[PDB]
Amino acid sequence: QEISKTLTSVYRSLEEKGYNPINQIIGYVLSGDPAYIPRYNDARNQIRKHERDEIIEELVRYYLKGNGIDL
Amino acid sequence: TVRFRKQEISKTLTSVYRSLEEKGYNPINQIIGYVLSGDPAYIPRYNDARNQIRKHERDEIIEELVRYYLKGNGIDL
């Protein structure tokens, strides 16, 4: 559950800083550029615990399970 | 034809997974490779899987994956 906790915390810190949190997270996943995630409230340091391919693996597994795949 | 439960991405990614599974490949690994690279060559032609992935851009796939995850986990809610 680490990745869901990270993305939750990052979304809420993005929101508090007045960013569009979805756009910034999409930007991070596209680019791997930590600059899309503010340093505020440790958000950038939290997302850097994971590798982008681990984040993508979780997004993909979650999406497929929710759309009817038995993993 | 309706799917009983964006919907095109749902159709594409589930169909790609099942075709990769039928051909004995690691489907998650191949899908991750596509998402990181945008390269349709990570997807076999088999059962129209590559044709379906090529209906989308990598950023549209990533946008849907991110939006679906946040909404489903109650973060964007």
# chains A, B, ... in the order shown; residues from 1 in each chain; ligands from 1
call {"tool": "interface_residues", "arguments": {"of": "chain A", "to": "chain B", "cutoff": "8 Å", "atoms": "only C-alpha atoms", "output": "list in words"}}
result
residues 4, 8, 11, 22, 25, 26, 29, 30, 53, 56, 57, 59, 60, 61, 62, 63, 64, 67, 68 and 69 of chain A
call {"tool": "write_last_selection", "arguments": {"atoms": "N, CA and C atoms", "output": "mmCIF file, in the first residue's frame"}}
result
data_model
loop_
_atom_site.group_PDB
_atom_site.id
_atom_site.type_symbol
_atom_site.label_atom_id
_atom_site.label_comp_id
_atom_site.auth_asym_id
_atom_site.auth_seq_id
_atom_site.Cartn_x
_atom_site.Cartn_y
_atom_site.Cartn_z
ATOM 1 N N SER A 4 0.006 3.780 -2.925
ATOM 2 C CA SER A 4 -1.241 4.515 -2.763
ATOM 3 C C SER A 4 -1.095 5.586 -1.695
ATOM 4 N N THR A 8 -1.442 9.522 -2.513
ATOM 5 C CA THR A 8 -2.398 10.279 -1.713
ATOM 6 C C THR A 8 -1.746 11.515 -1.113
ATOM 7 N N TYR A 11 -0.868 14.051 -3.829
ATOM 8 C CA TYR A 11 -2.042 14.758 -4.329
ATOM 9 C C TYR A 11 -2.480 15.851 -3.357
ATOM 10 N N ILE A 22 -3.853 16.464 -10.587
ATOM 11 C CA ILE A 22 -3.867 15.428 -11.612
ATOM 12 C C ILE A 22 -2.899 15.777 -12.733
ATOM 13 N N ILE A 25 0.736 15.205 -11.526
ATOM 14 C CA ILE A 25 1.068 13.789 -11.431
ATOM 15 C C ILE A 25 1.188 13.170 -12.817
ATOM 16 N N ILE A 26 0.272 13.509 -13.733
ATOM 17 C CA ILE A 26 0.417 13.041 -15.109
ATOM 18 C C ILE A 26 1.741 13.508 -15.683
ATOM 19 N N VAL A 29 4.488 11.322 -14.377
ATOM 20 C CA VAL A 29 4.519 9.971 -14.930
ATOM 21 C C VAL A 29 4.998 9.993 -16.383
ATOM 22 N N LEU A 30 4.642 11.031 -17.139
ATOM 23 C CA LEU A 30 5.112 11.141 -18.528
ATOM 24 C C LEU A 30 6.617 11.329 -18.602
ATOM 25 N N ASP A 53 8.749 3.167 -13.064
ATOM 26 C CA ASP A 53 8.195 1.923 -13.583
ATOM 27 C C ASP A 53 7.411 1.157 -12.519
ATOM 28 N N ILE A 56 4.071 3.042 -12.479
ATOM 29 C CA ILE A 56 3.301 2.593 -13.637
ATOM 30 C C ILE A 56 2.785 1.173 -13.434
ATOM 31 N N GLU A 57 3.611 0.277 -12.875
ATOM 32 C CA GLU A 57 3.122 -1.084 -12.628
ATOM 33 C C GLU A 57 1.883 -1.077 -11.742
ATOM 34 N N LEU A 59 -0.265 1.496 -11.266
ATOM 35 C CA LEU A 59 -1.385 2.089 -11.984
ATOM 36 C C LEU A 59 -1.995 1.077 -12.939
ATOM 37 N N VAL A 60 -1.145 0.306 -13.616
ATOM 38 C CA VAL A 60 -1.634 -0.642 -14.618
ATOM 39 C C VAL A 60 -2.375 -1.787 -13.944
ATOM 40 N N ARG A 61 -1.777 -2.359 -12.892
ATOM 41 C CA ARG A 61 -2.424 -3.461 -12.178
ATOM 42 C C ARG A 61 -3.760 -3.024 -11.601
ATOM 43 N N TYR A 62 -3.781 -1.853 -10.962
ATOM 44 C CA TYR A 62 -5.020 -1.325 -10.413
ATOM 45 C C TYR A 62 -6.068 -1.154 -11.501
ATOM 46 N N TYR A 63 -5.668 -0.564 -12.628
ATOM 47 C CA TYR A 63 -6.607 -0.312 -13.712
ATOM 48 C C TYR A 63 -7.152 -1.606 -14.278
ATOM 49 N N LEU A 64 -6.283 -2.589 -14.506
ATOM 50 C CA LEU A 64 -6.749 -3.829 -15.122
ATOM 51 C C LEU A 64 -7.683 -4.578 -14.184
ATOM 52 N N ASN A 67 -11.021 -3.078 -14.199
ATOM 53 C CA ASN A 67 -11.729 -3.224 -15.461
ATOM 54 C C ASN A 67 -11.924 -4.683 -15.849
ATOM 55 N N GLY A 68 -11.823 -5.590 -14.883
ATOM 56 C CA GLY A 68 -12.286 -6.953 -15.055
ATOM 57 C C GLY A 68 -11.232 -8.007 -15.293
ATOM 58 N N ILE A 69 -9.953 -7.675 -15.150
ATOM 59 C CA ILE A 69 -8.875 -8.648 -15.269
ATOM 60 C C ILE A 69 -8.648 -9.309 -13.920
#
call {"tool": "residues_around", "arguments": {"residues": "stretch 34-39 of chain A", "least_positions_apart": "4", "cutoff": "10 Å", "atoms": "only C-alpha atoms", "output": "PDB file with N, CA, C and O atoms, in the first residue's frame"}}
result
ATOM      1  N   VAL A  10       1.014  13.026  -1.996  1.00  0.00           N
ATOM      2  CA  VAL A  10       1.443  13.951  -3.036  1.00  0.00           C
ATOM      3  C   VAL A  10       0.254  14.731  -3.586  1.00  0.00           C
ATOM      4  O   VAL A  10       0.331  15.946  -3.789  1.00  0.00           O
ATOM      5  N   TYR A  11      -0.868  14.051  -3.829  1.00  0.00           N
ATOM      6  CA  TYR A  11      -2.042  14.758  -4.329  1.00  0.00           C
ATOM      7  C   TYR A  11      -2.480  15.851  -3.357  1.00  0.00           C
ATOM      8  O   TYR A  11      -2.809  16.965  -3.775  1.00  0.00           O
ATOM      9  N   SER A  13      -0.716  17.464  -1.059  1.00  0.00           N
ATOM     10  CA  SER A  13       0.231  18.577  -1.006  1.00  0.00           C
ATOM     11  C   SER A  13       0.166  19.409  -2.281  1.00  0.00           C
ATOM     12  O   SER A  13       0.246  20.642  -2.229  1.00  0.00           O
ATOM     13  N   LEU A  14       0.024  18.759  -3.438  1.00  0.00           N
ATOM     14  CA  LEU A  14      -0.207  19.508  -4.670  1.00  0.00           C
ATOM     15  C   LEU A  14      -1.441  20.394  -4.556  1.00  0.00           C
ATOM     16  O   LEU A  14      -1.421  21.557  -4.977  1.00  0.00           O
ATOM     17  N   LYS A  17      -0.927  23.498  -2.366  1.00  0.00           N
ATOM     18  CA  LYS A  17      -0.096  24.516  -3.001  1.00  0.00           C
ATOM     19  C   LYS A  17      -0.760  25.161  -4.211  1.00  0.00           C
ATOM     20  O   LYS A  17      -0.121  25.970  -4.894  1.00  0.00           O
ATOM     21  N   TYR A  19      -1.836  23.755  -7.080  1.00  0.00           N
ATOM     22  CA  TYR A  19      -1.653  23.125  -8.377  1.00  0.00           C
ATOM     23  C   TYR A  19      -2.886  22.312  -8.745  1.00  0.00           C
ATOM     24  O   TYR A  19      -3.698  21.948  -7.892  1.00  0.00           O
ATOM     25  N   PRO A  21      -3.605  18.905  -9.172  1.00  0.00           N
ATOM     26  CA  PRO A  21      -2.798  17.738  -8.786  1.00  0.00           C
ATOM     27  C   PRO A  21      -2.756  16.667  -9.856  1.00  0.00           C
ATOM     28  O   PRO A  21      -1.720  16.017 -10.031  1.00  0.00           O
ATOM     29  N   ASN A  23      -2.925  17.032 -13.193  1.00  0.00           N
ATOM     30  CA  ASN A  23      -2.028  17.437 -14.267  1.00  0.00           C
ATOM     31  C   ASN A  23      -0.575  17.259 -13.860  1.00  0.00           C
ATOM     32  O   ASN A  23       0.244  16.802 -14.661  1.00  0.00           O
ATOM     33  N   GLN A  24      -0.239  17.606 -12.612  1.00  0.00           N
ATOM     34  CA  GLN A  24       1.152  17.519 -12.176  1.00  0.00           C
ATOM     35  C   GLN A  24       1.604  16.071 -12.046  1.00  0.00           C
ATOM     36  O   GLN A  24       2.729  15.731 -12.428  1.00  0.00           O
ATOM     37  N   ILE A  25       0.736  15.205 -11.526  1.00  0.00           N
ATOM     38  CA  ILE A  25       1.068  13.789 -11.431  1.00  0.00           C
ATOM     39  C   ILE A  25       1.188  13.170 -12.817  1.00  0.00           C
ATOM     40  O   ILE A  25       2.107  12.379 -13.073  1.00  0.00           O
ATOM     41  N   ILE A  26       0.272  13.509 -13.733  1.00  0.00           N
ATOM     42  CA  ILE A  26       0.417  13.041 -15.109  1.00  0.00           C
ATOM     43  C   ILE A  26       1.741  13.508 -15.683  1.00  0.00           C
ATOM     44  O   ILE A  26       2.466  12.728 -16.312  1.00  0.00           O
ATOM     45  N   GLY A  27       2.091  14.780 -15.452  1.00  0.00           N
ATOM     46  CA  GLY A  27       3.369  15.288 -15.937  1.00  0.00           C
ATOM     47  C   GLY A  27       4.549  14.496 -15.410  1.00  0.00           C
ATOM     48  O   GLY A  27       5.482  14.178 -16.161  1.00  0.00           O
ATOM     49  N   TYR A  28       4.526  14.165 -14.115  1.00  0.00           N
ATOM     50  CA  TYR A  28       5.581  13.338 -13.541  1.00  0.00           C
ATOM     51  C   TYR A  28       5.641  11.973 -14.216  1.00  0.00           C
ATOM     52  O   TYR A  28       6.719  11.485 -14.572  1.00  0.00           O
ATOM     53  N   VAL A  29       4.488  11.322 -14.377  1.00  0.00           N
ATOM     54  CA  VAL A  29       4.519   9.971 -14.930  1.00  0.00           C
ATOM     55  C   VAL A  29       4.998   9.993 -16.383  1.00  0.00           C
ATOM     56  O   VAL A  29       5.712   9.088 -16.825  1.00  0.00           O
ATOM     57  N   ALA A  43       6.623  16.291  -0.585  1.00  0.00           N
ATOM     58  CA  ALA A  43       5.965  15.586  -1.690  1.00  0.00           C
ATOM     59  C   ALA A  43       6.983  15.049  -2.693  1.00  0.00           C
ATOM     60  O   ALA A  43       6.892  13.896  -3.128  1.00  0.00           O
ATOM     61  N   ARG A  44       7.964  15.868  -3.067  1.00  0.00           N
ATOM     62  CA  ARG A  44       8.965  15.409  -4.032  1.00  0.00           C
ATOM     63  C   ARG A  44       9.797  14.273  -3.452  1.00  0.00           C
ATOM     64  O   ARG A  44      10.098  13.293  -4.144  1.00  0.00           O
ATOM     65  N   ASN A  45      10.169  14.377  -2.172  1.00  0.00           N
ATOM     66  CA  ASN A  45      10.939  13.305  -1.556  1.00  0.00           C
ATOM     67  C   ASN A  45      10.121  12.029  -1.433  1.00  0.00           C
ATOM     68  O   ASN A  45      10.683  10.931  -1.500  1.00  0.00           O
ATOM     69  N   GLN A  46       8.803  12.148  -1.247  1.00  0.00           N
ATOM     70  CA  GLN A  46       7.969  10.955  -1.157  1.00  0.00           C
ATOM     71  C   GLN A  46       7.874  10.251  -2.500  1.00  0.00           C
ATOM     72  O   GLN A  46       7.931   9.018  -2.571  1.00  0.00           O
ATOM     73  N   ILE A  47       7.713  11.010  -3.581  1.00  0.00           N
ATOM     74  CA  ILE A  47       7.582  10.333  -4.862  1.00  0.00           C
ATOM     75  C   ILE A  47       8.911   9.723  -5.288  1.00  0.00           C
ATOM     76  O   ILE A  47       8.923   8.752  -6.057  1.00  0.00           O
ATOM     77  N   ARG A  48      10.034  10.232  -4.779  1.00  0.00           N
ATOM     78  CA  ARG A  48      11.337   9.712  -5.174  1.00  0.00           C
ATOM     79  C   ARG A  48      11.695   8.398  -4.487  1.00  0.00           C
ATOM     80  O   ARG A  48      12.697   7.781  -4.859  1.00  0.00           O
TER      81      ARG A  48
END
call {"tool": "atom_distance", "arguments": {"atom1": "atom CA of residue A:6", "atom2": "atom CA of residue A:49"}}
result
8.8 Å
call {"tool": "decode", "arguments": {"residues": "stretch 16-37 of chain A", "atoms": "N, CA, C and O atoms", "output": "short mmCIF file (atom, residue, chain, number, x, y, z; two decimals), in the first residue's frame"}}
result
data_model
loop_
_atom_site.label_atom_id
_atom_site.label_comp_id
_atom_site.auth_asym_id
_atom_site.auth_seq_id
_atom_site.Cartn_x
_atom_site.Cartn_y
_atom_site.Cartn_z
N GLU A 16 -2.91 21.61 -1.82
CA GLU A 16 -2.71 22.71 -0.88
C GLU A 16 -1.85 23.82 -1.47
O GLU A 16 -2.04 24.99 -1.11
N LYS A 17 -0.93 23.50 -2.37
CA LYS A 17 -0.10 24.52 -3.00
C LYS A 17 -0.76 25.16 -4.21
O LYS A 17 -0.12 25.97 -4.89
N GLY A 18 -2.01 24.82 -4.50
CA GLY A 18 -2.71 25.47 -5.59
C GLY A 18 -2.34 24.98 -6.97
O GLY A 18 -2.48 25.72 -7.95
N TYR A 19 -1.84 23.75 -7.08
CA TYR A 19 -1.65 23.12 -8.38
C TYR A 19 -2.89 22.31 -8.75
O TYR A 19 -3.70 21.95 -7.89
N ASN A 20 -3.02 22.04 -10.04
CA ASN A 20 -3.91 20.97 -10.46
C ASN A 20 -3.20 19.66 -10.19
O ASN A 20 -2.26 19.31 -10.91
N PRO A 21 -3.61 18.91 -9.17
CA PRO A 21 -2.80 17.74 -8.79
C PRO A 21 -2.76 16.67 -9.86
O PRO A 21 -1.72 16.02 -10.03
N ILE A 22 -3.85 16.46 -10.59
CA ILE A 22 -3.87 15.43 -11.61
C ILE A 22 -2.90 15.78 -12.73
O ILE A 22 -2.12 14.93 -13.19
N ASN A 23 -2.92 17.03 -13.19
CA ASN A 23 -2.03 17.44 -14.27
C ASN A 23 -0.57 17.26 -13.86
O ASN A 23 0.24 16.80 -14.66
N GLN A 24 -0.24 17.61 -12.61
CA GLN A 24 1.15 17.52 -12.18
C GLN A 24 1.60 16.07 -12.05
O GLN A 24 2.73 15.73 -12.43
N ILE A 25 0.74 15.20 -11.53
CA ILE A 25 1.07 13.79 -11.43
C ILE A 25 1.19 13.17 -12.82
O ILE A 25 2.11 12.38 -13.07
N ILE A 26 0.27 13.51 -13.73
CA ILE A 26 0.42 13.04 -15.11
C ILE A 26 1.74 13.51 -15.68
O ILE A 26 2.47 12.73 -16.31
N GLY A 27 2.09 14.78 -15.45
CA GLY A 27 3.37 15.29 -15.94
C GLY A 27 4.55 14.50 -15.41
O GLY A 27 5.48 14.18 -16.16
N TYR A 28 4.53 14.17 -14.11
CA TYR A 28 5.58 13.34 -13.54
C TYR A 28 5.64 11.97 -14.22
O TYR A 28 6.72 11.49 -14.57
N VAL A 29 4.49 11.32 -14.38
CA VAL A 29 4.52 9.97 -14.93
C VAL A 29 5.00 9.99 -16.38
O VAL A 29 5.71 9.09 -16.83
N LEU A 30 4.64 11.03 -17.14
CA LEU A 30 5.11 11.14 -18.53
C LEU A 30 6.62 11.33 -18.60
O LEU A 30 7.28 10.81 -19.51
N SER A 31 7.16 12.13 -17.69
CA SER A 31 8.49 12.68 -17.86
C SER A 31 9.53 12.07 -16.95
O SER A 31 10.71 12.06 -17.30
N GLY A 32 9.12 11.55 -15.80
CA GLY A 32 10.08 11.21 -14.77
C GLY A 32 10.77 12.40 -14.16
O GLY A 32 11.74 12.23 -13.42
N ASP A 33 10.30 13.62 -14.45
CA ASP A 33 10.95 14.84 -13.96
C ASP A 33 10.38 15.18 -12.58
O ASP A 33 9.20 15.54 -12.49
N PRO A 34 11.17 15.09 -11.51
CA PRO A 34 10.65 15.44 -10.18
C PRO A 34 10.21 16.89 -10.06
O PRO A 34 9.45 17.21 -9.13
N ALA A 35 10.65 17.77 -10.96
CA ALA A 35 10.23 19.16 -10.92
C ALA A 35 8.73 19.32 -11.03
O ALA A 35 8.20 20.37 -10.66
N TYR A 36 8.01 18.31 -11.54
CA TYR A 36 6.56 18.39 -11.59
C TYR A 36 5.93 18.30 -10.21
O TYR A 36 4.75 18.65 -10.06
N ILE A 37 6.66 17.80 -9.23
CA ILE A 37 6.16 17.60 -7.87
C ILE A 37 6.84 18.62 -6.97
O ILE A 37 8.08 18.64 -6.91
#
